[PDB]
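Input: a single structure, listed below in C-alpha cells.
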Amino acid sequence: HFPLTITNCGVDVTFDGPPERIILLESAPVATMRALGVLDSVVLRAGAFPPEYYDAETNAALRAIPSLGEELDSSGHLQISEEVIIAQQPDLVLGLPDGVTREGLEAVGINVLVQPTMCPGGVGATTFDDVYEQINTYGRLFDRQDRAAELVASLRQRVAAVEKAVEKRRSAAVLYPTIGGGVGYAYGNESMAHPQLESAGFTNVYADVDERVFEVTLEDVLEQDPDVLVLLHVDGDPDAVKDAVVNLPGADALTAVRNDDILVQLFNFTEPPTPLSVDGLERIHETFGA
Ligand SMILES: N[C@@H](CCC(=O)O)C(=O)O
Ligand SMILES: [Mn+2]
C-alpha cells in the first residue's frame with residue numbers, strides 16, 4: 001500500500017513508491033535487502049561491508065556499487081560530509097553518520113531512515129521483535145511483503161531452536177574495544193546485545209543500563225567481572241580487537257580473560273537488530289554452549 005509512511009525517530013517519512021536511488025551509509029540494511037532481492041535499488045555506499053556477512057553474489061554486487069568513502073575512526077564511525085551525499089541526488093539515505101543531519105537532507109527532498117534502535121534518546125529495551133519489525137518495514141518499503149514474512153518466519157524458528165536448547169546462569173557482556181588498548185564501550189539493554197545474550201541463556205551484566213552503548217573503563221568491567229565476553233568490531237584484524245582487552249594491565253583479573261571465554265565477531269553479528277543478529281545468537285550459543 002503506497003503512499004507509505006514510516007515513522008522514524010518521531011518523524012513521518014513518506015514514500016510514494018519504492019525507493020530507487022538509495023545510498024547505504026551503514027551495512028545493517030544489506031542483510032535484509034539481499035534476501036528481499038532489492039539490492040538493485042542501491043546506487044552508492046560508504047563505510048565497511050565485510051564479505052563475511054554475505055553470500056558470494058551479494059559480495060560481487062557490492063564490489064560493483066561505488067563507494068563515497070571507507071574512512072572510519074577508532075570507534076568504527078564513518079567520516080563523510082553531507083555535501084558529498086547531497087551531490088549524488090539520492091532519493092533515500094540509510095544511516096546518519098556523524099555530522100550528517102536529517103534536516104539537511106530532508107531540506108532538499110531526500111528521505112532519511114535510521115535503524116530504530118539507533119534513534120537518539122530512549123528507545124526502550126530491545127528484543128528480537130525489533131529484528132522482525134524492521135524486516136516487515138522493509139517488506140512494505142520495497143513491496144516485498146511475502147518475502148519479508150518468510151524471512152521473519154525462518155528467523156523466528158532459528159531463535160526458537162536456540163531458546164529451546166537453552167531451556168534444556170553465567171554472566172556476560174558485549175564490548176566494543178578500542179584498538180591500541182582499551183575496553184572502550186559496553187552495550188546496555190537498548191542494544192541488540194541484550195536480548196541476544198539473554199536468548200543464549202546468559203545474564204547481561206549491563207541489563208539495568210537504559211542505554212544502547214556507553215563508555216567503560218577496565219575498572220568498570222572488572223567490577224562486573226562477566227563470565228563471558230563478546231567483543232565487536234566494524235572491520236580490521238580481530239587479533240588486535242582481542243589484544244585491546246587482554247593485553248591491558250590488570251586485565252588478567254577478569255574471569256573471562258583467565259578462562260579465555262572471549263568471542264570476537266564483526267559488529268552486525270550483534271548490533272543493530274538485523275537477520276545477522278540471529279547468526280550471532282547461534283555463534284554465541286555454539287561457542288559457549290548451554
Ligand atoms: N560503532 C559502535 C561504537 C559505539 C559508539 O557508537 O560510540 C556502535 O554503534 O555501537
Ligand atoms: Mn557507533
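By convention here, the first residue in the shown sequence is residue 1.
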Would you mind writing out the side-chain donor-acceptor pairs for residues 187-194 within the sub-3.5 Å range, not counting sequence neighbours?
residue	atom	partner	partner atom	Å
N189	ND2	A207	O	2.9
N189	ND2	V209	O	3.3
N189	ND2	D210	OD1	2.8
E190	OE1	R212	N	3.3
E190	OE2	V123	N	3.0
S191	OG	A193	N	3.0
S191	OG	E271	OE1	3.3
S191	OG	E271	OE2	3.0
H194	ND1	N204	ND2	3.1

Would the distance check show the side chain of [X] and the main-chain N or O of [Y] forming a donor-acceptor pair, the cut-off being under 3.5 Å?
X: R170; Y: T203; result: no
X: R45; Y: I65; result: yes
X: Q79; Y: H77; result: yes
X: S81; Y: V84; result: yes
X: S154; Y: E150; result: no
X: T126; Y: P195; result: no
X: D225; Y: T255; result: yes
X: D227; Y: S171; result: yes
X: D16; Y: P3; result: no

Determine whether the side chains of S67 and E70 contain a donor N or O and an acceptor N or O closer than 3.5 Å.
-> yes
Between the side chains of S41 and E20, is a donor N or O closer than 3.5 angstrom to an acceptor N or O?
->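 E20 and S41 do not have a side-chain donor-acceptor pair below 3.5 Å.
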Could you see if [X] belongs to whatever hydrophobic cluster contains [Y]? Use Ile, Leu, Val, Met, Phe, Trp, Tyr and a side-chain cutoff under 4.5 Å.
X: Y185; Y: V221; answer: no
X: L276; Y: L266; answer: yes
X: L248; Y: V228; answer: no
X: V216; Y: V174; answer: no
X: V264; Y: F288; answer: no

Give the intermediate values and the outcome of side-chain contact (heavy atoms from CB on, under 4.5 Å) for residues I22 and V43.
-> CA-CA 6 Å; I22 297 175; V43 61; 5.9 Å; no
Atom [atom1] in [X], atom [atom2] in [Y]: separation rounded to 0.5 Å?
X: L141; Y: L94; atom1: CG; atom2: CG; answer: 8.0 Å
X: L62; Y: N59; atom1: CG; atom2: CG; answer: 6.0 Å
X: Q196; Y: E282; atom1: CD; atom2: CD; answer: 10.5 Å
X: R140; Y: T5; atom1: CZ; atom2: OG1; answer: 11.5 Å
X: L254; Y: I262; atom1: CG; atom2: CD1; answer: 8.0 Å
X: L281; Y: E286; atom1: CG; atom2: CD; answer: 9.0 Å

For [X] against [Y], the heavy-atom pair lying closest together:
X: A48; Y: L72; value: CB-CD1, 4.3 Å
X: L105; Y: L96; value: CD1-CD2, 4.0 Å
X: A253; Y: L222; value: CB-CD2, 3.5 Å
X: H285; Y: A165; value: NE2-CB, 3.7 Å
X: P177; Y: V245; value: CG-CG2, 3.7 Å
X: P275; Y: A31; value: CD-CB, 4.0 Å

Report the C-alpha distance between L92 and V112 in whole Å, list the side-chain angles of each, state the deciding distance to 0.1 Å, and finish with yes or no for side-chain contact (heavy atoms from CB on, under 4.5 Å).
-> CA-CA 6 Å; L92 173 62; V112 175; 5.8 Å; no
Here the side-chain hydrogen bond (donor to acceptor under 3.5 Å, both in side chains) pairs for residues 110-122, sequence neighbours left out, are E26-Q115, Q115-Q134, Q115-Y138
[X] atom [atom1]: more than 12 heavy-atom contacts under 6.0 Å:
X: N259; atom1: CG; result: yes
X: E215; atom1: CD; result: no
X: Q88; atom1: CD; result: yes

Test item: [X] and [Y] side chains (from C-beta on) under 4.5 Å apart, heavy atoms:
X: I179; Y: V241; result: yes
X: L175; Y: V230; result: no
X: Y54; Y: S27; result: yes
X: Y176; Y: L231; result: no
X: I284; Y: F269; result: no
X: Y53; Y: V30; result: no
X: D261; Y: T287; result: no
X: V11; Y: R102; result: yes

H233 and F267: side-chain contact (heavy atoms from CB on, under 4.5 Å), yes or no, with the steps?
-> CA-CA 5 Å; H233 62 115; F267 182 64; over 6 Å; no
Residue that, paired with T58, satisfies side chain to side chain contact (heavy atoms under 4.5 Å, CB included) out of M33, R63, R34 | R34
Would you please test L44 and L24 for side-chain contact (heavy atoms from CB on, under 4.5 Å) and show each step?
-> CA-CA 6 Å; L44 300 163; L24 298 172; over 6 Å; no
